[PDB]
Amino acid sequence: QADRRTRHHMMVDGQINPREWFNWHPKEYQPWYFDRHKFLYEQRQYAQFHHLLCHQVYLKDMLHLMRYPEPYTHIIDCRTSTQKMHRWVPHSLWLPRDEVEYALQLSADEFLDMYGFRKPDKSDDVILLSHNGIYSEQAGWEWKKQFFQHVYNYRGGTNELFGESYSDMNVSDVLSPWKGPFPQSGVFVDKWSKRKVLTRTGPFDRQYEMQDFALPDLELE
Amino acid sequence: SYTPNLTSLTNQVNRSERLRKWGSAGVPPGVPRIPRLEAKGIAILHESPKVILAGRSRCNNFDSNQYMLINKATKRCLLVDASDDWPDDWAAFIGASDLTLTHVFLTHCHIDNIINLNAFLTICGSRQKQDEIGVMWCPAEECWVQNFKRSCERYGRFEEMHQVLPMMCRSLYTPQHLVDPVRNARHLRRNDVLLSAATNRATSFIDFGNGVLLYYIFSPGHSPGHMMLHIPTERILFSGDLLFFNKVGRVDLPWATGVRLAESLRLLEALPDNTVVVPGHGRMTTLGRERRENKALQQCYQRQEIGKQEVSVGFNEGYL
Amino acid sequence: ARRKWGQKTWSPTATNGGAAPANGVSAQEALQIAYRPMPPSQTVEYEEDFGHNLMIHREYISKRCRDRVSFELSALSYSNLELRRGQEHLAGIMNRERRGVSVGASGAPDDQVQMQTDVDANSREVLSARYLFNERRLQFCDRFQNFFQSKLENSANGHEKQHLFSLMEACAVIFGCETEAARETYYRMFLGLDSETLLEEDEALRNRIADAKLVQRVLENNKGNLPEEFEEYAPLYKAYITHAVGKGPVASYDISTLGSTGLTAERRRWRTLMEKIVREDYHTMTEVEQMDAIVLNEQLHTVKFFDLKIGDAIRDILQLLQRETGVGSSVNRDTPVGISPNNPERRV
Amino acid sequence: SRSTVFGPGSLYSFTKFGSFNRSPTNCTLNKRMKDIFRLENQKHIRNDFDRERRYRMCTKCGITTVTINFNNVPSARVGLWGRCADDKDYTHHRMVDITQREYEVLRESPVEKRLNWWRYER
Amino acid sequence: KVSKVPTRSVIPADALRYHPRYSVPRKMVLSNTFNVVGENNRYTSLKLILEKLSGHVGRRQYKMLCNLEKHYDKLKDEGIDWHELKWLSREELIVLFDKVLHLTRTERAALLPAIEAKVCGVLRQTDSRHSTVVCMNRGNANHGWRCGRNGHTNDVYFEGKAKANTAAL
Amino acid sequence: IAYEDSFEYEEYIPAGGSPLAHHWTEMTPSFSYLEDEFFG
Amino acid sequence: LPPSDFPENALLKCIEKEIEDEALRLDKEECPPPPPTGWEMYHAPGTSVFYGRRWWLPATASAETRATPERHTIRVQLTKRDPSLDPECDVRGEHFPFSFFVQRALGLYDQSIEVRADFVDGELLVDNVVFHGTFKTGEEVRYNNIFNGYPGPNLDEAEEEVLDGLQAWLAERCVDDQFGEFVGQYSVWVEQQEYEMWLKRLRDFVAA
Ligand SMILES: [Zn+2]
Ligand SMILES: [Zn+2]
Ligand SMILES: [Zn+2]
Ligand SMILES: [Zn+2]
C-alpha cells in the first residue's frame, strides 16, 4: 500500500534535446471498447482463443440436469482446493484442474484406478464447473486439446449454484516493484535504441504502442 | 509509414492522428513528380579555370537541388545527389557539351537523393551507347537503401518502387554470380567505389583530374553515412543535408542522432569563411554567415561552453 | 596521463595515409593490426591452416561485462553441449545470410521472383495471390499445361482447372533461375528439398544404419525376433543398452526416428521428380512418380499459404473486436439467453 | 525496425557483412608469408606458457588448427568462418587432437597429404 | 578568416529550451470568450491550477494522490476566485478550509505551496487557441499578486485581454 | 607543435573543446601498457 | 607478474604505465609555486587540506599606544566532484574555496574572525564572514558553535556600509585577486602531488 514508486526506469523526454532516432517510437495506445468488465477469457488478450471457448451451460440447464440427469452427460467438478469446497454439486465427479493434462493421457483402466470413476467417451457430453468458471475454462481447453467433441463450461459454477463468494485465486503474474525488468539491465541493443525503447509519452499506468518505423510528414509543412 | 500490425490496427489514436493530419481522406498525399510545366532550366552556377559547377534548384517536390561538377580539361562530369524529376535536360546538356559522365556522388541514400537514380543511369548510359557510370556512396546508407521501397510507399512514388537499386547490384567488393556455363549489364558493376568513414585531409579524396581533388568528409547525424564534398581550391563545400541557409538537417527520422549532428557541425570549424557552402536543399550560403547568423550552431557552441557533455542539436521540421 | 575537459594535447602526424590509409595497407602494416595488443588473460587466439592460405581469429571479451552481457553477444560455451549447440545455432544464422542474398537484392535478375497479394477487408478472401513471372517462365507454364490438358480432357474436376498447379509453379521458379546457389534456396523454401538438408538426412540415415549393425552385433554376441526396419528403432535400442550396462543415465523416448527410412526415401523421390520436370522430362511418368506428383502438389499448395493464413488469423481478430458488446441484442437472436437451445423446457 | 531484431541480419549478427574468400583463385603466396603470419611465431605468445594450447586436425577437409586460451574464453564463435570441405559449415569438422611435434610436420604439407597421412599412416 | 560563433558567458536557462525550428514560437491570441471578465471566465485559472496539482508530476510522472479537483465546484459556488483566494488572510483561510471546503490535512498540504507562493492566475498565450498555461511566477502585493511582469498589472486576468472591471464583478 | 601539423588536423578533429566521443579515433580501443609485449 | 599467480595484470601494468608518464611529462614542476611574502605553507602528506600562515601588524593611529600583532591563517579544502553523474549532469566549474582566519594576540575557532572566499574565473568572491568566540557589539555576543555557527547573511543582500568597510578591511589585509590566483596555483600542485602518491599507494594494495 501507500503508493510505492516502481523501480522501472521509464521516463518522458525533456524540453531541451530534439526528438531523434525514430526507428522506435512510443505512442499512447487506446483501444475502441473497454474489456475489463468482461469475462477473463473474453478480453482482448485472449481473442485468438475465441474459437477455443467452450459453449456455456447456464443455471437453468444445471438445475434441469440436477432434477433429470442423463447417463452420459458427465458433470465434472474442476475445483482444486479441498479447503474451499463445502458442498457437493449433484451428479458431479471430482477431476481437479491441475491434473487434467495428465488425466486425459491415461487409458480407461488407469483412469478408473487413479480416479475411481470411468473415463468419459469422446462423444459423451462433458460439463465443467469451478468457482468463477476460470479453472473450468482452462480445464475445458485441456479437454478440447484431446479429441472431445462436446465440452461445456458453466461460468460461475459454485458461486451461482450454492450462492458462495469464492474465487479460483489466479495470480496474473505482475512484477514486484523491486524487480527491475529486462531492458534496463542489458547490452542486448545499442544505446540509442535502448534510450528510445525505455522512453514513454505520459504516465506509465496506461498502455503504449511501439512503432518500428516513422517517416516525416512533409505535406503538413 | 510503418507496417500495420495488430496493435496499430486496434488503436484508436492511430485513426485520430490520421483524421487530424489529413482530414476526411485519412491517407497522406504523396510527393508527386514535377510536371513539364513550372520546370526551370539548368543554370551554370560557377565558372573557374579548373571546374564548372552547373546546377538546378527545386528539381523535386522535396525541394532538393541537383549539381554537376565539370572538369574543364578532361571533359568529365560528376553529378552529386542525383535526384531530378526530369533527367532528360541533364543528358541533353551532357551530350551537347561533349562531356562524359563517369561517376555519381551520393551524400546519403534518403528518398530526396536517390529517387531518380536508375533513370539517371539508364538515360546517361543510353546516350553513352551512341565504361558505365559509377556510383560513389557510403555503406552505412545500406540501411537506407533497403527502405527505399517503403519510402516510395509513403510518398506515393509507385513507379520507382519495383526497381533494383544500382548500389544493391554486385560490385567488386561483393562475391560474384556463378552463372550456368552456357549478361554483364546487371551481373557485375566494376565501376563502383565504397567510401570509408575514416576521412582525413591526406588521402580521402577523389582525383577529379587536372589536379582537382574532392575531399569527402564523413559527417553523420542526418544519416548513418553522410559524406560532404569539399573543394579547397575552389572554396566549395557540398554539404548535402548537414547545413543549410539559417538551418540544419532533421534528426526526427530513423538512424538520426542529435549528438552525431553536433559532432558533424563541430568538425567544420577549420574551413575559411569564404567557403561557399552548397546545400542539398534551398539557397546557398557561406560558412562565415553560418558561423555568424545560424542559431543551431549558436546553440551547439553555447551548450558546449556551459558544460554539456552530450550536446544534441537538430531540427524536427525541415528538409528530408 | 590524465585528461582535462576542454584541453587536448596536440600530437604530430605519422604522414602515412593519415590514421587509416585510403589507398591501401601492406602485409607488414596489417600484421600489427592483426596481432593488436589485447589483454591475454581474457583473449582467445586461433588460427587454421587450409593448404595454401591460413586464417587468424582473435577474440577478446572484457571482464566488466560477463555478468550483464547477453549470451548471444558473448557466445561463451562453458560445456561441450553448449559448444555443439552454440555452433549449430550460429550455423543457421550464417547459412541463411549467405543463401538469402542470392534471391533477394544482390541476386541475379532471373533469380528474383515476387508475389502479388490482395486480401479483401470485408469478405477476408484472397484475391490474386499469384507470382510475378517473366516471359521465359510463362512459356514453361503453358508447356506444362498444354501437355496435361491433352492427357486429362478425354477422361475424368471441371474443364477450367490447372493440373498439378502447385507442382509446376514451384518448378517454374526453379526453371527460370540461372545460378545454382539461388536454385538451392528455392528448393529450401519448397518444403526443404535442397541438397543441404537432404545430405543431412542421408547422413543421419547412414548413422542409424551403422548403429543398427552395432546393436545387431551386440544382441547376437550376447545371446550367442527383431523388427523389420531396425535402423529406426536402433537409436532407441542403443540408448537403453548404454543405460542398462551402466554407461549413461538417460534412456530415450523420442519416436521421431520411426518411419524415417520411408520418409527420407520419399523426400529423395520428391527431389528427383522436381528435377525431372525442370528438364521437361514429364512426357512419361512411372506410376510411382504419378502417386508422388499428386501428394507433392497438395504439400506445395499449403506451404505458400503460411503467411497468408497468418494474416487471415489477424483479420479474424480485427472483425472480432468490432462486434457489438454485451451478450447480444434481442433483434439478432434465435435462442433465449438463460438456457441452451436444446433444453426440453425451452418455451416457458 | 522490428524485422532486424532476431538474427539473421540483426544488430550483433557479426556474419551478416560478408564471407571470406576461401579460395586459391587469388594471392598465390609462398612458405615465408605463411611463416610470418603464424600465431605461434608472434612475440606476445612466444613468451606465454601458462595458457593452454590445443592442436587439432580435421579428417574431412584436412585443416590444422591451434587454439590458445580456450579454457578461459570458450567462445563458440571461434572458427565460424572455417568453411569445411565443400562450402560446408564448421559444424562438419570432426576434429581429432594431434600433438605439438606432429603439428609442425603436418603444417607445411598440403591438405591431400594431410588426409593421406591420417588415413594410411599413424 | 574563421569567424567565431557568438556565444555568451552568462545565459539564462530559459534560452536552453527546445524549438523544432530553433526559433521563437507563435503566441496566438486567446479566444473571444476571454474578452470580458465574467463569472464563466473568472474560475478558469483556479480550475487549471487544481488540475495540475492533482495530475502527474515530473519526468517519472508521479501521480498526486490527493484529488483537489473535487473542491473546485464548492469554491466557485461561493463566488471566490483564485485571485480572491490570495487576498484572504490567514484567519480567513482556516475558516475557508475547515468550514466550507472541509479540506483534509493532506489535501491542505498539497494546496498550500500554490498559496504560499501566491501564483498569478493569468492565462499565458500559447501556440494553440486553447491555452492551459498559467503563469507560475510569485505575485507581489503592490500589483495584486499578479507578479507585475509581462503586462500582468493588478487586474489582468488573461494575457492579451482587458482588466477585471471590479464594478461589474 | 602547431595545429596544422597536428594529428587532429590530419582528420577533422577540432582544436579545442569537448572530445568527439563518437568519432572513430575515440572509439578505437587503446592498450598502451601491453604495447611493449606485442610490438617490441 | 605471472598470470597464474597474479590475475590482476590489466590493472598492475596499467598503473605501472601511469607512474612513468606522470613523471616523464615535462609540464609538471618539481618545486612548489612560490607563495607571497610572509606566508608559510603546511600540508600533511595524507590529507587534502593545506594550511597557510603568516603574522601581521596593522596600521595603528598615534592616539593608541600599542599595535597588536595579528595571526592570519589560510585553510583550503580540495574540491570534490562526482563522476557518476557524468555525462548526464553538466561539467562542474572549477573554483577554489578557501578560508581566511584572523586572530588578534590558541586554536583556529576561538576568538577568530573567519571569512570565506571563492576564487572563480580569475577573481575573488567573498561569501560569508563567520565569527567564533565571544565578541563585543555596539553587550557580548558569543558564537561558540563551530559546525552550525551563524555565518552571517550573504553579501549580495547585505547593507552597503557593511560591504565597503569590509573590502577596505580586506584590501588592507592584502587579500585580493592576485592572492586568490596563488591559491588556485598551490592547490593544483597539492592535488598533483597527492595523485602520484595515490597511484603509488594503489600499486602496493592491488599487488599485495
Ligand atoms: Zn536527408
Ligand atoms: Zn536532403
Ligand atoms: Zn573440416
Ligand atoms: Zn504572471
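Residues numbered from 1 in each chain as written, not as in the entry; some residues may be left out. Chains lettered and ligands numbered in written order. Part of a larger assembly, values for the part shown. Heavy atoms only, no water. Residues with missing side-chain atoms left out of burial classes, pairs and counts.

Per the PDB record, the structure was determined using cryo-EM to 3.1 Å resolution.

This part is about the overall build of chain A. Counting its regular elements, chain A contains 6 helices and 7 strands. Secondary structure elements in chain A, listed N-terminal to C-terminal, are β-β-α-β-β-α-α-β-α-β-α-α-β. The globule rule puts the C-alpha radius of gyration for 221 residues at 17 Å, and the 25 Å found for chain A is more than 25% above it. Seen along its three principal axes, the alpha-carbon backbone of chain A occupies a region of about 75 × 45 × 35 Å. Put simply, chain A shows about 12900 Å² of open surface, and 54% of that area lies on carbon and sulfur atoms. Distance between charge centroids for chain A: 6 Å, based on 27 positive and 31 negative side chains. (Helix = DSSP H or I, 4+ residues; strand = E, 2+ residues; numbered from the N terminus. Rg over C-alpha atoms; globule rule 2.2 N^0.38 Å. Areas by Shrake-Rupley, 256 points an atom, 1.4 Å probe, with all protein chains shown as cover. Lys, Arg positive; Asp, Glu negative; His and termini not counted. Charge placed at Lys NZ, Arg CZ, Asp CG, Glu CD.)

A few words now on the coordination of the zinc ion (ligand 2). All names here are of chain B. Looking at the zinc ion (ligand 2), one finds its protein donor set to be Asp112 (OD), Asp241 (OD), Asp241 (OD), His281 (NE2) and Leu320 (O), positioned 2.1 to 2.4 Å from the metal centre. Between the zinc ion (ligand 2) and the zinc ion (ligand 1) the interatomic distance amounts to 3.6 Å, and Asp241 serves as a bridging ligand to the pair. Of this pair, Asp241 sits in the loop between strand 11 (236-240) and helix 8 (258-266) while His281 sits in the loop between strand 12 (276-279) and strand 13 (285-286), and the two are 40 residues apart along the sequence. Judged by relative accessible area, which is 0%, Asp241 ranks as buried. Classification of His281 by relative accessible area gives buried; the value is 1%. (Donors = N, O, S within 2.8 Å, 3.2 Å for Na, K, Ca; no water. Buried < 20%, exposed > 50% of the residue type's maximum accessible area, 1.4 Å probe, protein only.)

Before going further, it helps to examine the interface of chain A and chain B. Many structure descriptions define interface size as the accessible area lost when the parts assemble. With 28 residues of chain A at the interface, the matching set in chain B holds 43 residues. For the pair chain A and chain B, the two sides together bury roughly 3200 Å², of which 55% comes from carbon and sulfur. Inspection of the chain A/chain B interface yields 3 salt bridges. Counting across the interface, chain A meets chain B through 15 residue pairs in polar contact. Residues that form the side of chain A that touches chain B fall into these classes: 14 nonpolar, 4 polar and 10 charged. (Contact = heavy atoms within 4.5 Å. Buried area = accessible area lost by both parts, 1.4 Å probe. Salt bridge = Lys/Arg side-chain N within 4 Å of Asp/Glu carboxyl O. Polar contact = N/O pair within 3.5 Å; in protein donor to acceptor, adjacent residues only side chain to side chain. Nonpolar A, V, L, I, M, F, W, Y, C, P; charged D, E, K, R; others polar.)

This paragraph deals with a negative patch on the surface. On the surface, G:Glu159, G:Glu160, G:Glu161 and G:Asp164 cluster together into a negatively charged patch. Along the polypeptide, G:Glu161 turns up in helix 2 (residues 160-172). (Patch = residues over 30% accessible without salt bridge, like charges linked within 9 Å, V, L, I, M, F, W, Y side chains within 5 Å.)

Moving on: unusual backbone geometry. A cis amide bond links D:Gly7 to the next residue, D:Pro8, at an omega of 5°. Relative to the assigned elements, D:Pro8 resides in the segment before helix 1 (31-36). Here the phi dihedral of C:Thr15 falls at roughly 55°; this positive angle occurs in a residue that is not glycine. Inspection of the secondary structure assignment puts C:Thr15 in the segment before helix 1 (27-34).

What follows concerns the coordination of the zinc ion (ligand 1). Where a metal carries four tetrahedral donors, each ideal angle is 109.5 degrees; where it carries six octahedral donors, the ideal angles are 90 or 180 degrees. Residue and element names in this part refer to chain B. The protein atoms that coordinate the zinc ion (ligand 1) are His108 (NE2), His110 (ND1), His222 (NE2) and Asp241 (OD), at distances of 2.2 to 2.3 Å. For the zinc ion (ligand 1), the 4 donor atoms in the first shell make angles of 79 to 173° at the metal, so the coordination geometry reads as irregular. Judged by relative accessible area, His222 falls into the buried class, the value being 1%. (Tetrahedral: all angles 85-135°; square planar, octahedral: opposite > 155°, others 65-115°.)

Turning our attention to the arrangement of the chains. For this structure, the chain pair with the highest number of contacts among 16 pairs of chains in contact is chains C and D. Contact between chain C and chain E is absent, and the least distance between their C-alpha atoms amounts to 16 Å.

The subject of this paragraph is the pairing of strand 5 (residues 112-119) of chain G. Within a regular beta strand, the side chains point alternately toward one face of the sheet and then the other, so they alternate between its two faces. Residues and elements named next belong to chain G. With 7 of 8 residues buried, strand 5 lies mostly within the body of the structure. Both strand 4 (residues 96-104) and strand 5 contribute to a ladder of 8 bridges, which runs antiparallel. Among the inter-strand pairings, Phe96 is bridged to a residue of strand 5, identified as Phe119. Here strand 5 runs beside strand 6 (residues 124-136); their pairing, made up of 8 bridges, is antiparallel. (Pairing = 2+ DSSP bridges.)

Quick look at the packing of helix 8 (residues 260-278) of chain C against helix 9 (residues 287-303) of chain C now. Residues and elements named next belong to chain C. At their nearest, the axes of helix 8 and helix 9 sit 10 Å apart, and the two run at 90° to each other. Taken together, the axes of helix 8 and helix 9 lie roughly perpendicular to each other. Residues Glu266, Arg269, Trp270, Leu273, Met274 and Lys276 of helix 8 touch helix 9, and the partners they reach there are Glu289, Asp292, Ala293, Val295, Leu296, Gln299 and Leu300. The class makeup of the residues in the contact of helix 8 with helix 9 is 7 nonpolar, 1 polar and 5 charged. (Axes fitted to C-alpha atoms, helices over the stretch in contact; angles between N-to-C directions. Parallel < 35°, antiparallel > 145°, perpendicular 65-115°, else oblique.)

Moving on to the sheet that holds strand 13 of chain B. All names here are of chain B. Pairing in this open sheet of 6 strands is mixed, and the strands run 8-9-10-11-12-13 from one edge to the other. Each of the sheet's edge strands pairs with one partner strand only, and the pair in question is strand 8 (205-209) and strand 13. Relative to strand 9 (residues 212-218), strand 8 runs antiparallel, the two being bridged by 4 bridges. Note that in strand 9 the partner of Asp207 across the bridge is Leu213.

With that settled, consider the interface of chain C and chain D. Tallying the contact residues gives 46 residues for chain C and 52 residues for chain D. For the pair chain C and chain D, the summed buried area comes to about 4400 Å², and 59% of that belongs to carbon and sulfur atoms. For the pair chain C and chain D, the interface holds 6 salt bridges. Put simply, D:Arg114 and C:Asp49 hold a salt bridge, and the shortest N to O gap is 3.4 Å. Run the count over chain C and chain D and you get 23 residue pairs in polar contact. Going through the elements one at a time, helix 1, strand 1 (43-50), strand 2 (53-60) and helix 2 (80-100) of chain C are the ones with two or more residues in the side of chain C that touches chain D. Here the side of chain C that touches chain D takes 13 residues from helix 2 of chain C, the largest share from any one element. Its residues placed into classes, the side of chain C that touches chain D shows 20 nonpolar, 13 polar and 13 charged. Examined bridge by bridge, strand 1 of chain C and strand 2 (residues 64-68) of chain D share 5 bridges and lie antiparallel to one another. Looking at the pairing, C:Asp49 lines up with D:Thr64 of strand 2 of chain D.

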